[PDB]
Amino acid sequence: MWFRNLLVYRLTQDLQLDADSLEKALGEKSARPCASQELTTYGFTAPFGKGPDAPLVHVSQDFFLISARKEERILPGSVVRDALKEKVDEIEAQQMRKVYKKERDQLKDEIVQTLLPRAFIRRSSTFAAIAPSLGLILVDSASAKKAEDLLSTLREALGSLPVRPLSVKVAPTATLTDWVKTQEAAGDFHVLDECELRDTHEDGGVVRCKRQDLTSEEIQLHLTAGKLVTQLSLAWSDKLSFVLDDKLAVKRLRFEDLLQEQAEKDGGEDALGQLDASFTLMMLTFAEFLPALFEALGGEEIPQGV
């Protein structure tokens, strides 16, 4: 279980939690199949394994792994409109009358409800972690929206979830810019070959760099021209590489082969064994990487306007 995206949240109180108290709490807001006239359903499901007996929560060295599945019937607006048109055409030919705006919007609703039951279902899962030992909650997403849903749904299956989005002392963009400007980042981090530079005004310029030597005079000119680094490729030690933007979102999280081949040797031949070891070696790697990141970004922060 190697996360691909990371969104860090601070446990403000690190209030106690039990594997049993949690597991049955998550059952109250579980995942159910989407009804025939239902657009969407959101609820927790078994992270690993699955099968009406598989646990919603998963533990290892005091680390928990939960997951919230979402079901939504796929009914593209494209399909609706084509169906609308065909019906309208049918009425005007068979009833010899013109169907106007008001009535077509009415027939639209009628069409949506006739098509839903026939709409395939899309299943998307949003994994999250809870390391009370680290005092944080880690979501495997890039979308803050999706992260809110997971946390907002966990907020119901708990009644109380004291958590705030990670925040750093110094604005990231300033820290990222400095790193590229000076061609050196905080201890152990390495500026890779990708970034996104941009002017500060809204309709300002935007420059995207792939496979670029970020130490070239070319990049420098963008910086002295006013552009700021809003996205940056970074590696940490020799453990993993990822992309960091100016909202602290960790995207394209990729752990090195050495670490993957490693953890894969703590599960041996079975599936649940291989997964458990991965979520473990990852969480353990996160224990040293995450704090080092906070220090790299110039110390973590604690807000006031709760």
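Just count from 1 along the sequence shown to find any residue number.
When the C-alpha B-factors of 146-154 and 227-235 are averaged, 146-154 comes out higher. Here 183-191 and 209-217 are compared by their mean Cα B-factor, and 183-191 comes out higher. Of the candidates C34, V250, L240, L281, it is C34 whose Cα B-factor is highest according to the PDB record. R164 sits in the highest third of its chain by CA B factor, as recorded in the PDB entry. The PDB entry assigns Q94 a C-alpha temperature factor belonging to the lowest third of its chain's modelled residues.
Among all modelled residues in this chain, the alpha-carbon of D62 has a temperature factor (C-alpha) in the highest third. Per-chain ranking of the deposited C-alpha B factor places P132 in the highest third. Among the modelled residues of the chain, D246 sits in the lowest third by CA temperature factor in this PDB entry.
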